[PDB]
2 protein chains.
Amino acid sequence: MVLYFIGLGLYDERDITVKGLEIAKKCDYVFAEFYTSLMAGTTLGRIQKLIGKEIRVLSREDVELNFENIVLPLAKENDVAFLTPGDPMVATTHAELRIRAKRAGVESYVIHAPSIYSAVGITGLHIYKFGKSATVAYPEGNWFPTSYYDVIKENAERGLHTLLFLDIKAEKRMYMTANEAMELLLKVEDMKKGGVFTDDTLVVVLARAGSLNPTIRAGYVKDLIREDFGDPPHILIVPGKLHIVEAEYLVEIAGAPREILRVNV
Amino acid sequence: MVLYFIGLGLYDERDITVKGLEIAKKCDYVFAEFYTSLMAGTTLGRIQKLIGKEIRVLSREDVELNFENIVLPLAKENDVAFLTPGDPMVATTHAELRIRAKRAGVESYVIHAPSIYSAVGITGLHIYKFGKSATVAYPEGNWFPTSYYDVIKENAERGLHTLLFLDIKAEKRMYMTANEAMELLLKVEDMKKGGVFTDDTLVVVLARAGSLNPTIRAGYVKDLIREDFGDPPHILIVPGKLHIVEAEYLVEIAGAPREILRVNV
Ligand SMILES: Nc1ncnc2c1ncn2[C@@H]1O[C@H](CSCC[C@H](N)C(=O)O)[C@@H](O)[C@H]1O
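The residue numbering used throughout counts from 1 along each chain in the order its sequence is written. It may not match the entry numbering, and residues with no coordinates are not shown. Naming scheme: in the order in which they are written, chains are lettered from A and ligands are numbered from 1. Hydrogen atoms and water are omitted, and side-chain values are computed over all heavy atoms in the structure.

What to know about the domain arrangement of chain A
All names here are of chain A.
Item 1. Domain start and end points were adopted from an automatic or database domain assignment. Segmenting chain A into domains produces domain 1 (1-114) and domain 2 (115-265).
Item 2. Placing the centre of domain 1 and that of domain 2 at their C-alpha centroids yields a distance of 30 Å.
Item 3. On the domain 2 side, the residues contacting the 12 residues of domain 1 number 15 residues.
Item 4. In total, domain 1 and domain 2 occlude about 1000 Å² of area from one another, counting both sides; carbon and sulfur atoms represent 67% of this.
Item 5. Two parts lose some accessible area (1.4 Å probe) when they are put together, and adding that loss for both gives the buried area. For domain 1, the biggest contributors to the area lost against domain 2 are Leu10, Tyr11 and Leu38; these three give 53% of the whole.
Item 6. Salt bridges are identified by distance alone: a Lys or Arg side-chain nitrogen within 4 Å of an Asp or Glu carboxyl oxygen. At the surface where domain 1 touches domain 2, the tally comes to 0 salt bridges.
Item 7. The term polar contact refers here to a pair of N or O atoms within 3.5 Å; inside protein, the definition further demands a hydrogen-donor-capable atom paired with an acceptor-capable atom, and it admits residues adjacent in sequence only when both atoms are side-chain atoms. Applying the counting rule to domain 1 against domain 2 returns 0 residue pairs in polar contact. Whether two residues are in contact is decided by their heavy atoms: any pair within 4.5 Å suffices.

Pasting the structure below:
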């Protein structure tokens, strides 16, 4: 009679919480989805081994179109687990899955896990200063989306930081790199000439958050655009005006140039 | 010679990530602070019991003034862990402690844990729609903080949600409730009269996130300002313009007035 939404965390199989692991182990059935994001530091096999249960993977269509036919049925007579990367309820479409549960007379509970939204705190940037968040999407054929650019403008304009999620073709396991995101933004800047993202813009790159050895680099676009940040996933952030303490952290921990202490504070 | 900042999560000792628990079990010395946030569903004993190590709790002064004299000295010859509620780098000044570690020649690593900053996703409000965050601080003597009121105004102007961390004086065992924060907000409104926070403002209250049964309520201030949301901690959220799906969730899961379903696009 119970459905558990369990977050898997940031990077590998150990990023699930103890509560999530113990509950998953007591569930009769375990489903998982890997279309909203991926666990770059592990595999389905390793998560299955840790949980000690077979995991039925579900596609986007499986969830969005048939969640009530695939998952909820079993939940009326058993304890069922639905695993997702990061924190459940963060992916925009997940919240309403709880409404489907209710509609089906099934109780659901949420077991949280770390998310990039909170994990960026490791960049030394104050979490309260982040504004609206966005996703950098790959242009396609005749489609060139650029709203993520306006989000940066509106946030920076108020001295707020902008968290940028990079495009990901989950199924094909293809990640957009920080380097590509930067190239895209420069191209958008050249189209909109808003002086929002240039070679002089200060940016922060966070790669493999959750790993014990993530890549945290801060610097100007002209210098980082061709730098190697390692394996995915990459998260790009365009900081607003910095507080001296934020700049000190970026310099001492993220290898940023001393120059930011006078130019970006 | 390493220092590990390990998050313990939102509510109880099991909100720690498996990664965090396994590393903590192997640390020679374990320190912790419980003043930046309240873990309502556990005790020091249960945490010590789970980690299998004796935990020395530090006060704000111990950390902010003597971290490099109490903790760092040991991380020079041993593996040391510093535990905190939620995520160690979120809405705290703990990030600066990594700088102290560096200058003391100590390597530090961060292990994330579920945070209230991302757990807000459970309210059904799109997390990418949250703007600048702020804290409702207790008035002290003749000093009456109000900056958080302007944060709400700015976000609302842009149609963004506002996350309000509530004040806490752990030493006095004081935990600001959503009701108290609402009372303070109404008083600020009388003074500034910006039409930002009134009896008719729609708010969302999340209490004891991370527990299996948190309290999630949405409604007008006039009806919620005297409602009992249970034991702390509580966060208050002032939504911006709602998407239809956000409203449906607030009504279906948070018991909001069925009338907010009618959005004035
Ligand atoms: N489980 C919980 N439920 C509701 N609010 C919570 C909460 N945990 C923390 N908070 C809120 O956040 C404030 C502390 S701010 C420190 C937050 C912490 N680093 C984290 O990652 O969560 C509290 O006063 C409270 O208003």
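Points about the environment of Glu96 of chain B
Item 1. Within the element layout of this structure, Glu96 of chain B appears in helix 4 (residues 95-103).
Item 2. The sequence separation of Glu96 of chain B and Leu8 of chain B amounts to 88 residues, and the corresponding C-alpha distance is 19 Å. Under the DSSP-based scheme used, a helix requires at least four consecutive residues in state H or I and a strand at least two consecutive residues in state E, with every element numbered from the N terminus.

Quick look at the pattern of salt bridges
Item 1. A full pass over the atoms with the stated rule returns 34 salt bridges over all chains.
Item 2. One salt bridge connects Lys102 of chain B with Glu252 of chain A, and the closest N-O pair in it is separated by 2.6 Å. Separated into two different chains, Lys102 of chain B in helix 4 and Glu252 of chain A in helix 10 (residues 244-252) make up a pair that spans both.
Item 3. Given a relative accessible area of 41%, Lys102 of chain B falls into the partly exposed group. Categorising residues by exposure relies on relative accessible area from a 1.4 Å probe, with only protein chains included: less than 20% of the type maximum marks a residue as buried, more than 50% marks it as exposed, and the intermediate range marks it as partly exposed.

Concerning the interface of chain B and chain A
Item 1. At the junction of the two partners, chain B supplies 53 residues and chain A supplies 54 residues.
Item 2. Across the chain B/chain A interface, buried area totals approximately 4800 Å², and carbon plus sulfur atoms make up 64% of it.
Item 3. Among the residues of chain B in contact with chain A, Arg14, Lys19 and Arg158 of chain B are the three that bury the most area, contributing 15% of the side total.
Item 4. Between chain B and chain A we count 10 salt bridges in total.
Item 5. Between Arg14 of chain A and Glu22 of chain B there is a salt bridge whose closest N-O contact spans 3.1 Å.
Item 6. Those elements giving two or more residues to the side of chain B that touches chain A turn out to be helix 1 (18-25), helix 4, strand 5 (107-111), helix 5 (116-119) and helix 9 (244-254) of chain B.
Item 7. Note on residue categories: nonpolar means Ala, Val, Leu, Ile, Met, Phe, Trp, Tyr, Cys or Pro, charged means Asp, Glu, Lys or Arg, and polar means any other residue, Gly included. Residue composition of the side of chain B that touches chain A, by class: 28 nonpolar, 11 polar and 14 charged.

As for the packing of helix 7 (residues 147-156) of chain A against helix 8 (residues 178-192) of chain A
Residues and elements named next belong to chain A.
Item 1. At a closest axis distance of 10 Å, the pairing of helix 7 and helix 8 adopts a crossing angle of 80 degrees. Classified by the interaxial angle, the pair formed by helix 7 and helix 8 is roughly perpendicular. Contacts from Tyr148, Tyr149, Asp150 and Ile152 in helix 7 reach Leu184, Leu185, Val188, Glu189 and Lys192 in helix 8.
Item 2. Counted by class, the contact of helix 7 with helix 8 contains 6 nonpolar, no polar and 3 charged residues. All axes here are fitted lines through C-alpha atoms, helices being fitted over the stretch that makes contact, and every angle between N-to-C directions spans 0 to 180 degrees. Working rule for angles: under 35 degrees goes down as roughly parallel, over 145 as roughly antiparallel, 65 to 115 as roughly perpendicular, anything else as oblique.

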